[PDB]
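Tertiary structure, described
Below, each chain spelled out in residue letters.
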Amino acid sequence: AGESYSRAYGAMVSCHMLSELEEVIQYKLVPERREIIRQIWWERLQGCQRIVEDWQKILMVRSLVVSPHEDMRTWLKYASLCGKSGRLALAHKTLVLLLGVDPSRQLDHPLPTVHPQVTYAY
Amino acid sequence: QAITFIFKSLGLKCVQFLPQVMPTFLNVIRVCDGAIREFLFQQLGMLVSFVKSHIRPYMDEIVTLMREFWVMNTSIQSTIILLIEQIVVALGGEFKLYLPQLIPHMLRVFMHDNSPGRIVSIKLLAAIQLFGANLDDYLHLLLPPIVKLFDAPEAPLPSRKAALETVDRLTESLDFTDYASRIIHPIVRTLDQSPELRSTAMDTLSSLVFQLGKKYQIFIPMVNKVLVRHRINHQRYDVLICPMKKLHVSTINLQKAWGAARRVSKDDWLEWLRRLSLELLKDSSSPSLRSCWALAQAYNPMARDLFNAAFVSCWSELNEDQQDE
Amino acid sequence: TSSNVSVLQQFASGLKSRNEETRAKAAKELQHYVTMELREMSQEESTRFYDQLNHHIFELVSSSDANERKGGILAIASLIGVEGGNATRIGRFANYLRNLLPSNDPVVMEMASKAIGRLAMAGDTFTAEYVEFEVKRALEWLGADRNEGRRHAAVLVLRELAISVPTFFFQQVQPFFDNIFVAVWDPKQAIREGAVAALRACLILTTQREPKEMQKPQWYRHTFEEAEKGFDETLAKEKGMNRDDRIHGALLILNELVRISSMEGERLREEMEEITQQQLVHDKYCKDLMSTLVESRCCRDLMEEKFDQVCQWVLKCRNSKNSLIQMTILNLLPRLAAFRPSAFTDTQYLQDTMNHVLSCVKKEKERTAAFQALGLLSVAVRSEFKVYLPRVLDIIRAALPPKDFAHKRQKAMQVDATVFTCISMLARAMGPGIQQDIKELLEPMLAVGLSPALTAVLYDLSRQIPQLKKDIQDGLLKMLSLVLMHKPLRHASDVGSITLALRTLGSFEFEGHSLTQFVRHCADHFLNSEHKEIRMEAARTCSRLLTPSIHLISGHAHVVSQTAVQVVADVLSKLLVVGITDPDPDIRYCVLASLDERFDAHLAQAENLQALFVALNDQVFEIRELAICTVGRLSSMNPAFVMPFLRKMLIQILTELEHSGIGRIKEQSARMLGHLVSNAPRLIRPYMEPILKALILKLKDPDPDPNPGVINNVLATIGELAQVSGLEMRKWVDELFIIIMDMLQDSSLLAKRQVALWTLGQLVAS
Amino acid sequence: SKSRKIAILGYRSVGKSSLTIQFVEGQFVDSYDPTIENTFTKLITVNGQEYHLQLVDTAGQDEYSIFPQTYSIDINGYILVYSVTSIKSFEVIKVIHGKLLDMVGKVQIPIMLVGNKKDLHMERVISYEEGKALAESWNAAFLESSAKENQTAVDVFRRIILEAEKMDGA
Ligand SMILES: Nc1nc2c(ncn2[C@@H]2O[C@H](COP(=O)(O)OP(=O)(O)OP(O)(O)=S)[C@@H](O)[C@H]2O)c(=O)[nH]1
Ligand SMILES: [Mg+2]
């Protein structure tokens, strides 16, 4: 950070990860703040740079307590981010994980509909 | 203390740093602690003397601060009086414009000293020599105080002697042929009152007569009678018939500061960087940087700020072999 | 500023009293006064006030009286590193301390050396240069011809500077290694031991700096050659000094090299040394009634390649008649054994060392060191000690009182802790093998009497061999019954004995229910004893002992007993009575701090809630803090009698914070409100808005009070209020950001960066 | 060998720097460069003992100039220099001694007073007697030296070393 914020972003992502880790402590301890902590996580992620290498770490830290299905839309953005970042295979993996079924093995079968947003994203 | 040592070293070039230093500097004099304002006023005087006549755009603020801090305290009084002395030396004619803003302060100083600290008046009087032609339109305000000081019995003898010397020095720079000639009468009583002080009195009388010229010769007889009674003579009575350069970079301590031989731990290396950044300033060839060494020692971020410039100053002096080391 | 002067006047007069206790009390009084009562005023006037303070200091240091100088030195030591590293302090302190060192009395000697160490540790800008002076001076005092007092000065100053601040001292490491060995050979024992201690500290420094060195050092090797020179007979022909002194110096040097090379054998030494110092501290208390571990790789290699040499040298010096060399050998031999025991077994060094040390236990002055060596050697070698097991065990038995306690009753004799620690490490070595032996040895150790070493070794034996664990309790419990109730355990006396009895009763775990018998008794006599220490200890133990009883109510609900419940309840009532009614504040603080959440079920009752409410308005502030914390915790348990009371209280702190103009009361009110907020979220949540308004207007006050405690504690309270109310504050958070940033950017405002940033983070998170 | 620092204090325009160059180089040149802070070194011998002297010429001070703390930590020897051709220098050296002692309480510390510019006999306005009287008022040691009389400068520095040794011995 003595040179430019652009270089310091690498360490600022680590700061973000550690503060979110403290928020994981709070999430485990206090059931009443789980929705609020989830919204804080969403907003802070929206504030971060849209890079898969950092979104992966942040969502992996979040995965300690919150599964993808509990924060569906967040992971959908990750999928979208991986869709347009030369990592389409990871986007497909994320979308099949979120759907729970793989239409890539059921090409004839029509797509799922229980979760229509993720169907649209996939 | 650092800024002064820069302004002293550069000389007139220091004027280029006026617009940066003064607007903060004066402001600090307005908000600094009382114990430090005396030193800041003294350094303001030194800086004004170095700057000479280029202090005009800040002189209104300077005199404002002077007025609203010229309390009747001996220490600040003396420091401020020194500041007026140095301002008079710096400006001279221009300072006329700023003279009327200080006369009431001078008068209150004259009539409100009640201690051996009365010596402060002498220092104020020690400024009045340096005024000269810029006292023309305000001589008659500053005259009656000195008139009192001639024949004041309560005032100490050295104060009266100083007053005589002051009017003596004023004699050769002001036109006393006007009403001011009346000061002949005061000193006469001094001649007939104080015996130990008659010498300066007669020196002053001689100088005044020399300034007056023909206009005094008519009124000789009373002074002649005084002299005959006192039998003290002077020659004039008979005449009534008719930058800082560079500094040596100590090389030994310079490569010694780069002593990374036995520095291992992180604390060791941070201490090495600190000591090196300080020693570069201490051994810096430029007086401007070396003036910052004392402040850098007690404030490391200053040392960090000038590490590059300090190294440049130290490096440009070394020869090929020292540079190679 | 009449008070600011007169306070120092009475401080100076008290410090001039010839009584050591009076001077020391004045020392901590002045420390308190300057520490947490003269921080309301800023740094520049602090420097100005230091002029008067140092005038008063030197008024003590000026006189040639030893006691007046000692009092001045106490004042200086208490005043070094207590406030910020201001300017005027360090020059005056350094110049004052430089005169003391040549002094003769070792008391002022060590005091001044430690003072120099702490002054260098003060962490100001002038420390660096200052260190380079003192070390140089110290080194210059080692090059003197003899210059005894100054040699001891250099030794002690180097030692305390080395441990105090290493970074500045390491730059003088090479001159130190060039010069210290001059003082190591000094013919006086004190200089010798101190010089080896300074060498110890410097060697530790070199050891931290070793692994990251580009290349291996030479200091260890040079030290070994110096020791060899010490042992060389030809080089020992220097006149005017004793050969035995060179022997002692060389042995001490080798001991230190081995220690820095043998941390694994030094850890047990350090633990046993802590136990021995615990025994000494207990003895000192009775009389007054009436670290980091490191191993040097290069030193380890050097001794690996020069182990036989040192062993032969030590075993040759074994036969010395001088006591000091005998003790140094007794300290070194077990260290050597712990270094490379395999060489002890193979090279057959066991015989000579073991015969010598078993001969030393007979010797009077070496007996303590003899048992030291026995205990350390037992764990050093865990196989070849079997041949020697009876030969040591009978010595421990002889040292302890014989079996016939009643017939041959000891008149007055204290068993030194080294015997007990030797027993402990002997159990460590061959624990299961000697289970019966330690079983037989158990009885006379209990017969010795209560000592800290005894309790420690009983705990160790219990942990090492659990099989007979129940015996150690069943005996010691009975011993406790013989000193607390002065009766056998059925299923006046020294203050220190009872104190330690309470310590072990509360600390050492027991399973038998008979502890309950103690509890009531501890709540009947000791809590009511006129000795403040006995009362404090009884309160502590009665607090610790009820956790198993409360566990039945908490964890094992199927086995809740009315007997245990009533015992806990009335003991708790007695504890609260003690913690409320006793005018002494320390007992109150300890009692209230001793009530954890475990007791909330019995503290929810109105009877105890009344006592807690009384504590909640105590004269002393810390007791008030514990009281409000406890009541806030209990609010969830019994809202009826607490929530109204805490609401009235909240009104009181709001009134005091909004009206009181004095800074200290404002700070105390802010702390009280913060504790209430953190401890009773349910109460504050509906009243968050007025509290936040009051705190904001206290932050935005046009008049900044001189002290920083008010603003710091207001910020902390705002932060934890945000922590309580998550989103309710969302619409008062932007103004808080504006205020917090405004105070962060400029440091002129008294608000501290730490708490401001903490409040900002808590606001963001909440 | 014993390493000794010395700090040279006094009013501006008095020949502190001139004395330092005279002692360390034997020369004397009139440039009048206001010395912000200078350090010189020599390895001399006094009473057959080798002292490595490190001389720290401080910038001139006035009665209002604060006393830097740097010259109160590790100095172990002071040379208070005043010009015999300036009463202002005498008054300011009195003030500087006061401020130095204040910076070390009033602890005994090796200090010696030097009447500089002795060769300027015509311009002298301080005589020997009052300079001495001040010195034993401070319990210090008096000397007079000039930048053209190298023997006197060597005497000054030898004398401060001797005074430091004596104070150390006590
Ligand atoms: N005639 C004569 N001149 C001297 C003598 N000592 C010093 N001076 C002159 O006085 C001038 C100032 O002396 P200097 O040594 O530079 O003062 P300083 O105190 O070091 O300089 P500053 O940084 O403190 S302002 C020099 O130009 C020097 O030549 C002396 O004994 N005789
Ligand atoms: Mg100079």
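Residues numbered from 1 in each chain as written, not as in the entry; some residues may be left out. Chains lettered and ligands numbered in written order. Part of a larger assembly, values for the part shown. Heavy atoms only, no water.

This entry lists cryo-EM as its structure determination method and reports a resolution of 3.16 Å.

**Notes on the overall build of chain B**
In terms of helices and strands, chain B carries 21 helices and zero strands. Computed over its C-alpha atoms, the radius of gyration of chain B comes to 28 Å, more than 25% above the 20 Å expected for a compact globule of 325 residues. If you line up chain B on its principal axes, its C-alpha atoms span 95 × 40 × 35 Å. Counting only residues that meet the buried cut, chain B has 51% of its 325 residues in that class. Taken together, the 35 basic and 32 acidic charged side chains of chain B have centroids lying 5 Å from each other. (Helix = DSSP H or I, 4+ residues; strand = E, 2+ residues; numbered from the N terminus. Rg over C-alpha atoms; globule rule 2.2 N^0.38 Å. Buried < 20%, exposed > 50% of the residue type's maximum accessible area, 1.4 Å probe, protein only. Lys, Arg positive; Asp, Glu negative; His and termini not counted. Charge placed at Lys NZ, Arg CZ, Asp CG, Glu CD.)

**Points about the packing of helix α2 (residues 18-31) of chain B against helix α3 (residues 34-51) of chain B**
Residue and element names in this part refer to chain B. Where α2 contacts α3, the axes come no closer than 10 Å and their chain directions differ by 155°. It follows that α2 is roughly antiparallel to α3 by the angle criterion. In the crossing of α2 with α3, the sense of the turn from one axis to the other is left-handed. For the pair α2 and α3, the contacting residues are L18, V21, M22, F25, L26, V28, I29, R30 and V31 in the first and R37, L40, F41, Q43, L44, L47 and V51 in the second. (Axes fitted to C-alpha atoms, helices over the stretch in contact; angles between N-to-C directions. Parallel < 35°, antiparallel > 145°, perpendicular 65-115°, else oblique. Left-handed = near helix turned anticlockwise from the far one by under 90°. Contact = heavy atoms within 4.5 Å.)

**Considerations on the site of ligand 1**
All names here are of chain D. Neighbouring ligand 1 are 20 residues; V14, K16, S17, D30 and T35 lie closest to it. Residue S18 places a main-chain N or O atom 2.8 Å away from an oxygen atom belonging to ligand 1. It is helix α1 (residues 16-25) that provides the largest number of residues to the shell around ligand 1, a total of three residues. Counted by class, the shell around ligand 1 contains seven nonpolar, seven polar and six charged residues. (Near = heavy atom within 4 Å. Polar contact = N/O pair within 3.5 Å; in protein donor to acceptor, adjacent residues only side chain to side chain. Nonpolar A, V, L, I, M, F, W, Y, C, P; charged D, E, K, R; others polar.)

**With respect to helix α1 (residues 2-10) of chain B**
Residues spaced three or four apart along an α-helix point in a common direction, a consequence of the helix completing one turn every 3.6 residues. All names here are of chain B. Taking burial as the measure, the nine residues of α1 include seven buried ones, the bulk of the element. Along α1, the residues that are buried comprise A2, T4, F5, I6, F7, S9 and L10. In this structure, the buried side of α1 is in contact with α2, α3 and α17 (287-291). With its phi angle positive at about 85°, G11 sits one or two positions after the end of α1.

**Observations concerning the interface of chain D and chain C**
With 19 residues of chain D at the interface, the matching set in chain C holds 20 residues. In this assembly, chain D packs against chain C so that about 1600 Å² is buried in total across both faces, 49% of it on carbon and sulfur atoms. Ranking the residues of chain D by area buried against chain C places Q69, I73 and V107 of chain D at the top, with a combined share of 36%. In this assembly, chain D and chain C are joined by three salt bridges. Summed over the shared surface of chain D and chain C, the result is six residue pairs in polar contact. Only β1 (2-10), α2 (87-103) and α4 (150-169) of chain D provide two or more residues apiece to the side of chain D that touches chain C. (Buried area = accessible area lost by both parts, 1.4 Å probe. Salt bridge = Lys/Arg side-chain N within 4 Å of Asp/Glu carboxyl O.)

**Observations concerning a negative patch on the surface**
On the surface, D136, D137, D175 and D178 of chain B cluster together to form a negatively charged patch. Residue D136 of chain B is classed as partly exposed on the basis of its relative accessible area of 34%. (Patch = residues over 30% accessible without salt bridge, like charges linked within 9 Å, V, L, I, M, F, W, Y side chains within 5 Å. Areas by Shrake-Rupley, 256 points an atom, 1.4 Å probe, with all protein chains shown as cover.)

**Some remarks on the nonpolar core**
Core analysis: the largest hydrophobic core is formed by 263 residues, its most contacted members being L158, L254, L336, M445 and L484 of chain C. Among all residues touching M445 of chain C, those that are not within four sequence positions of it are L400, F420, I423, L454, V457, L458 and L461 of chain C. Residues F25, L47, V88 and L91 of chain B belong to the second largest nonpolar core, which totals 85 residues. (Core = buried A, V, L, I, M, F, W, Y, C linked by side-chain atoms within 4.5 Å.)

**Considerations on the environment of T630 of chain C**
For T630 of chain C, the position within the fold is in helix α34 (residues 621-635). With relative accessibility at 6%, the residue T630 of chain C sits in the buried group.

**What about the pattern of salt bridges?**
The full count for this structure, using the stated rule, is 65 salt bridges over all chains. Of the charged contacts, one joins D268 of chain B and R209 of chain C as a salt bridge, the two residues approaching to 2.9 Å between their closest N and O atoms. With one member in each of two chains, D268 of chain B in helix α16 (residues 266-282) and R209 of chain C in the loop between α11 (189-208) and α12 (219-231) form a pair that bridges those chains. As far as burial versus exposure is concerned, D268 of chain B and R209 of chain C are alike and both buried. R92 of chain C is the salt-bridge partner of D51 of chain C, the closest N and O atoms lying 2.6 Å from each other. Of this pair, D51 of chain C sits in helix α3 (residues 43-62) while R92 of chain C sits in helix α5 (residues 87-100), placing them 41 residues apart in sequence. Here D51 of chain C falls in the partly exposed class, since its relative accessible area comes to 28%.

**Focus on a nonpolar patch on the surface**
Residue and element names in this part refer to chain A. Together, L18, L21 and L64 give the surface a local cluster of nonpolar side chains, amounting to about 290 Å² of exposed area. Take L18: it is sitting in helix α1 (residues 5-29). Using a relative accessible area of 57% as the deciding quantity, one classes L18 as exposed.

**Here's the deal with the interface of chain C and chain A**
On the chain A side, the residues contacting the four residues of chain C number four residues. At the boundary of chain C with chain A, the tally comes to zero salt bridges. In this assembly, chain C and chain A are joined by two residue pairs in polar contact. Each residue belonging to the side of chain C that touches chain A can be placed in one class, and the counts come to two nonpolar, two polar and no charged.

**Description of helix α13 (residues 220-230) of chain B**
Residue and element names in this part refer to chain B. For α13, the complete set of buried residues consists of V223, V226, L227 and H230. For α13, the angular spread of buried residues about the axis comes to 95°, placing them on one side. Where α13 terminates, the next one or two residues include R231, which has phi positive at roughly 55°. (Arc of directions from axis to C-beta.)

**Some remarks on the sheet that holds strand β4 (residues 78-83) of chain D**
Residues and elements named next belong to chain D. Read from one edge of the open sheet, six strands run β2-β3-β1-β4-β5-β6, paired in mixed fashion. The open sheet terminates on both sides in strands that have one partner only, identified here as β2 (37-46) and β6 (141-145). When the angles between neighbouring strand axes are averaged without regard to direction, this sheet yields 25°. Examined bridge by bridge, strand β5 (residues 111-116) and β6 share five bridges and lie parallel to one another. Among the inter-strand pairings, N116 is bridged to a residue of β6, identified as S145. Across the sheet, α2 lies against β1, β4 and β5, angled at about 160° from β4, the strand it touches most. (Pairing = 2+ DSSP bridges.)

**As for the packing of helix α21 (residues 389-399) of chain C against helix α22 (residues 417-430) of chain C**
All names here are of chain C. Remark: α21 packs on α22, axes separated minimally by 11 Å, with the N-to-C direction vectors making an angle of 150°. By the angle between their directions, the pair α21 and α22 is classed as roughly antiparallel. In this structure, α21 crosses over α22, and the sense of that crossing is left-handed. Between α21, through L389, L393, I396 and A399, and α22, the contact on the second element is made entirely by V419, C422, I423, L426 and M430. Here the contact of α21 with α22 is built from residues that sort into nine nonpolar, no polar and no charged.

**Overview of the state of the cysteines**
Residues and elements named next belong to chain C. Under the defined criterion, the tally for this structure stands at zero disulfides over all chains. Free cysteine: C299, not disulfide-bonded; nearest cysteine sulfur from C298 at 8.7 Å. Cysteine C360 remains unbridged, with the sulfur of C422 as its closest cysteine sulfur at 13 Å. (Disulfide = S-S within 2.5 Å.)

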